[PDB]
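# Secondary and tertiary structure notes
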Amino acid sequence: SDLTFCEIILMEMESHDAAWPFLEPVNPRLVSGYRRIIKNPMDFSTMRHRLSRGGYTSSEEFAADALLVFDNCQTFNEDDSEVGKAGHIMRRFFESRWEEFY
Ligand SMILES: Cc1[nH]c(-c2csc(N3CCNCC3)n2)c2c1C(=O)CCC2
Ligand SMILES: Cc1[nH]c(-c2csc(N3CCNCC3)n2)c2c1C(=O)CCC2
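### Here we look at the site of ligand 2
The environment of ligand 2 is made up of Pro25, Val26, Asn27, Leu30 and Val31. A distance of 2.7 Å separates an oxygen atom of ligand 2 from a polar atom in the backbone of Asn27. Coverage of ligand 2 by the protein amounts to 28% of the 500 Å² it exposes when considered alone. Split into classes, the residues belonging to the shell around ligand 2 amount to 4 nonpolar, 1 polar and no charged.

### Structural notes on the site of ligand 1
For ligand 1, the full set of nearby residues is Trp20, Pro21, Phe22, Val26, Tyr34, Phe76, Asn77 and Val83. Here a nitrogen atom of ligand 1 and a backbone polar atom of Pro21 are 3.0 Å apart. Here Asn77 contributes a side-chain N or O atom positioned 2.9 Å from an oxygen atom of ligand 1. Considering ligand 1 on its own, with 500 Å² of exposed area, one finds that the protein chains cover 60% of that surface. Of the residues assigned to the shell around ligand 1, the class counts are 7 nonpolar, 1 polar and no charged.

### What to know about the nonpolar core
Core analysis: the largest hydrophobic core is formed by 23 residues, its most contacted members being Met13, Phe44, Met47, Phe62, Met90 and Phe94. Breaking this core down by element, the ones donating at least two residues are α1 (4-14), α3 (44-52), α4 (59-76) and α5 (82-101). Here this core takes 6 residues from α4, the largest share from any one element.

### Some words on the environment of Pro28
By secondary structure assignment, the location of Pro28 is in the loop between α1 and α2 (34-37). Relative accessible area serves as the criterion here: at 28%, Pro28 is assigned to the partly exposed category. As for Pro28 and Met11, which are separated by 17 residues in sequence, their C-alpha atoms are 26 Å apart.

### Here we look at the packing of α1 against α5
Between α1 and α5, the least distance of the axes is 11 Å, while the angle of their chain directions is 155°. Between α1 and α5, the angle falls in the class roughly antiparallel. The element α1 and its partner α5 pack so that their crossing is right-handed. Along its contact with α1, which presents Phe5, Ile8, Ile9, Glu12 and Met13, the element α5 presents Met90, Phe93, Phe94, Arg97, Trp98 and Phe101.

How each quantity is defined
- Residues numbered from 1 in each chain as written, not as in the entry; some residues may be left out.
- Chains lettered and ligands numbered in written order.
- Heavy atoms only, no water.
- Near = heavy atom within 4 Å.
- Polar contact = N/O pair within 3.5 Å; in protein donor to acceptor, adjacent residues only side chain to side chain.
- Areas by Shrake-Rupley, 256 points an atom, 1.4 Å probe, with all protein chains shown as cover.
- Nonpolar A, V, L, I, M, F, W, Y, C, P; charged D, E, K, R; others polar.
- Core = buried A, V, L, I, M, F, W, Y, C linked by side-chain atoms within 4.5 Å.
- Buried < 20%, exposed > 50% of the residue type's maximum accessible area, 1.4 Å probe, protein only.
- Helix = DSSP H or I, 4+ residues; strand = E, 2+ residues; numbered from the N terminus.
- Axes fitted to C-alpha atoms, helices over the stretch in contact; angles between N-to-C directions.
- Parallel < 35°, antiparallel > 145°, perpendicular 65-115°, else oblique.
- Left-handed = near helix turned anticlockwise from the far one by under 90°.
- Contact = heavy atoms within 4.5 Å.

Structure representation (structure tokens):
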């Protein structure tokens, strides 16, 4: 049942206003320099697919994939960019609610 809270928090993240940059994997054909800079891309739908498949053995693995989405976001996007400003909203939301369970 370590993962039943992950379904809640991923469902809440999937439907958050500011989740639009992270619903689908970043298409590197459209973003100059992404493949070069971001070694391990991650997004909500890949997390949904791994969760759907049972690929998260512990609750901390799910959080590692989640923090990676935002570490990527800060690595590539300026803090005042549209994607950056949304990644900060999502990152505080995730951390604020991850602590509300743990
Ligand atoms: C994490 C991330 N999301 C986006 C982005 C821009 S537009 C858009 N969408 C989502 C897909 N269909 C509609 C509009 N998603 C970027 C990004 C980066 O890290 C680099 C800059 C571009
Ligand atoms: C998965 C994904 N879909 C799109 C997308 C569809 S339409 C459109 N534009 C951007 C330029 N002005 C016209 C409309 N962008 C992107 C994307 C990414 O991964 C990165 C950002 C771009």
